[PDB]
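Going line by line, the protein sequences match chains A and B.
The first sequence begins at 2 in UniProt numbering and counts up one residue at a time.
The second sequence begins at 2 in UniProt numbering and counts up one residue at a time.
Note that the Cβ used here is the ideal one computed from N, Cα and C, for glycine as well.
Beneath this line is the structure, given in structure tokens, with notes to follow.
There are 2 protein chains.
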Amino acid sequence: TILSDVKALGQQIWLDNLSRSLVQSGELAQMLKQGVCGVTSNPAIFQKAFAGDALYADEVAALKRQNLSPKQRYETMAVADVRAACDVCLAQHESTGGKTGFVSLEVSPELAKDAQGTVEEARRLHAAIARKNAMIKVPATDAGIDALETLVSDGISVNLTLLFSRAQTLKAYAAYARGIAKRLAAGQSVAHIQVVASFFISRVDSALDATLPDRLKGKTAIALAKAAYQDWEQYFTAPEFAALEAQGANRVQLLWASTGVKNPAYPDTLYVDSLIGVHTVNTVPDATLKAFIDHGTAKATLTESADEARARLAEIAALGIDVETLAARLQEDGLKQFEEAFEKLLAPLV
Amino acid sequence: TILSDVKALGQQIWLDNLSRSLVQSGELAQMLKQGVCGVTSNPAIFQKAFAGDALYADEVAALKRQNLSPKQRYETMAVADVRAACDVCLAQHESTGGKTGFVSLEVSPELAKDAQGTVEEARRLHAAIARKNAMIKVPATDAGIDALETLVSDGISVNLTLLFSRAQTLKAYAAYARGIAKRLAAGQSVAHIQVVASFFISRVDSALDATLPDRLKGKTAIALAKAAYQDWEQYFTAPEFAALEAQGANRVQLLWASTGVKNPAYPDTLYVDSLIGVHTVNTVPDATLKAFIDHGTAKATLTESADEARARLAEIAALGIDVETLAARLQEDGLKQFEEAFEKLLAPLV
Ligand code: NA
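And the structure:
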């Protein structure tokens, strides 16, 4: 029931995992009935699935007999899994006018600084999946925000990932709005275009907690998220976006990612309990989902005590910690980590 | 393009007329391609259509051979017209995710002080029309506001008419919110429930201008509308509504009606030019639509000089003119005019 209580506060909970058995077994479908509202993947999720899930072995053996690149073998397998998960989520998606029930597939991390290559791959994967409720996942580098505007103008739903920066998030909103405005100028639909901005949580605390004083440990990532949500409210309520929304456009939604707790000193539901607010998403790994169902709390926390969050961020700046510099480092490290997972994903498909 | 320019400022323009020939000739469909976004009717509009449009005679003759009351004969014909206009407007409605392309049919004016009778008739007409983009039009008397809550809780979109009063409009918002809260408590959908608040313009100036000083002639109706829009922003951004919006509820939206200019000294586009703002509708008679397309101005005027609207209303009150008393009188006169029109419509259907 708690997932329903969180929907009543305006937040969707998505599952931050995907595998062939999760879908085929009916587990994912049961999750949609319990209140899960979507699925996210990334190269690490697929690396783990392909290595651990017995249902891939027959396809791998068959694909190794064809003149296909390792990447092509991976894509064949992953596109099938995403199409199958989309089909499980389609009734939910259609029941809300296309607002929920999405599955995300990320483009190759090799493309992260290549806008045109990102666009081409995203268009190809979008056409290969051929489902209305698939999102293409793109890292929010500067090239990614370039590609976002193009993809939105092409009518493709996007999950912008590896956001750690309030400034880079806001730049993504502007690129979104440019794409929507283009579509309205060309007489094209916008009501079915959905974008989420995946803003990473635990990695900020993992980076800073050792250096912070006791009173600030475990607070920065949440405070940064609360400030990002304030930025979101300001941007999307202002007159230019209000006019687009009145015509049928949807706002980008913040999506809290990296919400599994890594520090055992903190409650395992800390990063779900603390970030609940209106027109947001939280994507959770399976163990965190279980923990939240078991002993999480559904309260409107994201907009609570926002002044105290801003005070903490000022205190962090005064300690000489520049969260925008930190964000650039975390994004570059996350891209390296996804590229390493993608290479590890491809090696057994040779 | 002007209608398109107004859309870009967040306002839809509807046609304040309906007739069988308007639909069957293809005129309505061609208006939609110009940028018209919906249709409103009322008993006076229907009385004029039935008296003037040659396309009704054959259905009148056939229905006179059936065992039906005059009112049932009228309803059969009006429901057919509304269904046909809803079908013309449906692609537009769907294109925006359900935010545009509405057609309104008003209940009998004899029911205006009878909440339960209004509910029963609105339910019956809603079921007979059987279109997702139909609105049932109900006068905003106290009984109509009672009925509004019930109809909203029944999932029925409502155009609440004959509003001349800021206080009565706020009462309507509160009734809407109670109905939405009922839906959400029952697990029912809210995203499809659309309500507009038809706030009359020209009749206020027609009532007051002869006795106002030169400096206030032709200013009251616009000032009321601007202040009403400020009230709307306050009500729908307050925490109580925000908690319903979080779960998919639409705001009510203001709809400017009686926007044809009746005084020849004023510009014929005065009440369209002056009232353009985000997340509103303006329903215009055909001659005013033509004038607006030809020589209107698309500028965000509704939220311009809001403090001057506040000053003008204070000056009007201090002349001893009570605009709330005026509104009640205008509502009662408007009901009487509609009753006379409806009685005249039914007499030839015996
Ligand atoms: Na205001």
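Sequence-distant Cβ neighbours of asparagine 134 of chain A in its own chain, meaning closer than 7 Å and more than five residues away, are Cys87, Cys90, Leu91, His94, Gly102, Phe103, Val104. Each of B:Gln231, B:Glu234 has a C-beta closer than 5 Å to some heavy atom of the ligand NA; these make up the full list, in chain order. Residues of chain B whose Cβ lies closer than 8 Å to the Cβ of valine 279 of chain A are, in chain order, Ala243, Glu246, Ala247. The region 212 to 225 of chain A makes no contact with the region 119 to 131 of chain B, as fewer than three CB pairs between them are under 8 Å. For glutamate 246 of chain B, the closest alpha carbon among the candidates B:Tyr177, B:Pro268, B:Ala228, B:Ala144 is that of B:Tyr177. Look at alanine 192 of chain B: its C-beta is under 8 Å from a C-beta on chain A.
For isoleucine 130 of chain A, there is no enclosing beta strand (DSSP E); the enclosing alpha helix (DSSP H) covers residues 116 to 130.
Proximity of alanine 299 of chain A to chain B, defined by a Cβ-Cβ separation below 8 Å, is not satisfied. The C-beta separation of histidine 296 of chain A from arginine 252 of chain A comes to about 32 Å, leaving the pair out of contact by the 8 Å criterion. In the DSSP assignment, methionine 136 of chain A is bridged to A:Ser105.
Under DSSP, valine 196 of chain A forms a beta bridge with A:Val159. Three or more Cβ pairs closer than 8 Å define a contact, and the region 211 to 221 of chain B falls short of that threshold against the region 185 to 193 of chain B.
Look at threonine 281 of chain A here: in three-state DSSP terms it is strand. If you ignore the 5 residues before and after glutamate 316 of chain A, its C-beta comes within less than 7 Å of the C-beta of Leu217, all in its own chain and listed in chain order. About 5 Å separates the Cβ atoms of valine 120 of chain A and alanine 148 of chain A, confirming a contact at the 8 Å cut-off. Within a 10 Å sphere around the beta-carbon of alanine 168 of chain A sit fewer than 16 other beta-carbons, which makes this residue exposed.
According to the DSSP assignment, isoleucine 294 of chain B belongs to the alpha helix (DSSP H) that extends over 287 to 296.
For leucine 10 of chain A, the chain B residues whose C-beta falls within less than 9 Å of its own C-beta are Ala244, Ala247, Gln248, listed in chain order. Contacts with chain A at 8 Å (Cβ-Cβ) include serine 96 of chain B. Contact between the region 283 to 301 of chain B and the region 4 to 17 of chain B is present, with at least three C-beta pairs closer than 8 Å. In terms of Cβ geometry, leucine 16 of chain B and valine 273 of chain B do not form a close pair [threshold 8 Å]. Residues of the region 79 to 103 of chain B that bring their beta carbon within less than 8 Å of a beta carbon in chain A comprise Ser96, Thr97, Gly98, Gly99, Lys100, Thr101, in sequence order.
Within 10 angstroms of the beta-carbon of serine 20 of chain B lie 16 or more other beta-carbons, which makes it buried. The beta-carbon of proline 240 of chain A is placed less than 8 Å from the nearest beta-carbon of chain B. Residue range 12 to 16 is occupied by the beta strand (DSSP E) that includes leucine 16 of chain B. Counting of Cβ neighbours within 10 angstroms places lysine 114 of chain B among the exposed residues, the total staying below 16. Under the 10 Å beta carbon count, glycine 27 of chain A is surrounded by fewer than 16 other beta carbons and is classified as exposed.
Under the DSSP definition of a beta bridge, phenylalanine 201 of chain A partners with A:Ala258. Nearest neighbour of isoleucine 202 of chain B by Cα position, chosen from B:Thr41, B:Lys263, B:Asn43, turns out to be B:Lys263.
Assignment of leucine 64 of chain A by DSSP, reduced to helix, strand and coil, places it in the helix class.
For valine 89 of chain B, the enclosing alpha helix (DSSP H) covers residues 71 to 96. According to the DSSP assignment, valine 40 of chain A belongs to no alpha helix (DSSP H) but to the beta strand (DSSP E) extending over 39 to 41. C-alpha of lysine 291 of chain B to C-alpha of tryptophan 257 of chain B: approximately 17 Å in a straight line. If you look at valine 253 of chain A, you'll find it isn't in any alpha helix (DSSP H); DSSP assigns it neither H nor E.
In the displayed model, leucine 303 of chain A falls within coil according to three-state DSSP, outside both helix and strand.
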